[PDB]
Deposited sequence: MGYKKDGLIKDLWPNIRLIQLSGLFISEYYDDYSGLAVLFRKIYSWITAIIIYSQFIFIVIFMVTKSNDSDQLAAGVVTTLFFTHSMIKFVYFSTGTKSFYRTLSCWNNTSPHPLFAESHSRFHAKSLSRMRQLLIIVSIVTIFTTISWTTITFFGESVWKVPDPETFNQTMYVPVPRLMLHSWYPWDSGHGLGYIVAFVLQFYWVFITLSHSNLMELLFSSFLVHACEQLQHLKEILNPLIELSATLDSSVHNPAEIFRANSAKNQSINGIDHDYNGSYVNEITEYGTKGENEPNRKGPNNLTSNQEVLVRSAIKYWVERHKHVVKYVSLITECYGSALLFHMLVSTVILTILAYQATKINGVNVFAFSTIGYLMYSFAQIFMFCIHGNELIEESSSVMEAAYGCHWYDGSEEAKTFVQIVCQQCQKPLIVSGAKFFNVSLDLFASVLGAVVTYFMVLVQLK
């Protein structure tokens, strides 16, 4: 494996081991191995979807009060991100393969090979750091979710069958997720099995929902690093065309270098277009779910008081929901900035004392690289920090409106 596949090998191995519906990038293409892997992935999908169905079942059949309904809907919509992303990667592997195959046989020019290698190393460092951060965040979230179960009283509000409008607090098994099960989960082997299943489900769903965003961020990071390398080599590229005391060798070298620069920029543009094609509906669905998530979370935070399990739950849900958006918003904004600054980088070189070919190349670069490359989310909105700022402002405004009207 060479190119972007070798660039993103830890990510590919992680998603392969998670249980997602990925088939290529193997080394044991045999009938028994493919049967085992398909069986494992299907079993994982069945388990995840059955647990999700049980969770949504424990939302209408056992929730009476508006607070309980809000909590159930918050949990269901929180895991709907992973539920959507699982099926998206299940039925959309071709787009990911096409994106990963864009940088297949590209080779740096011998003159700028050192700069390309340096920027490749920088991209590797950024990708590894991002993967480490994602893994740490997911592990910490799972650990906190496991811990917070035992810090509260497992009591559920249930109306009294004897009176008319009186309720008690029935004891419930201490479980991470309030879900219904065909078998009893009060104590014993059923309790242990339910706890293990919920722990595995939470960990795996968070793993999928984080791996998808990690892949998107890694793609954007590689595009940004390629654009930065293109900006960096522009000054020596132009200085090659100086008319200092033009030979045929100099002219052909300048033409070849200009051709290589143009081909690399076209590759970057097509790569960003492939990114938009592959990750448009994912971002659209993520934002559509997160809008309702944030609305209900702001309503829940309106009734917050003191420090307790409910306060910690609302704070954690809000923090995770905002971090998930910010993770790709920052990279979209960074790509927009790095694509827009190419014009300034091109104009800031010593192009005045260059050949007519160099001046024409600079003019065409200034013409095209005028509007920034945008990773539009399903051509609905523009993924940048503007979207995150608007979301934060809307959430804060809604919280203020609720705290004023209450």
Checklist entry - Counting from 1 along the deposited sequence, which stretches lack C-alpha positions? => result 1-4, 250-302
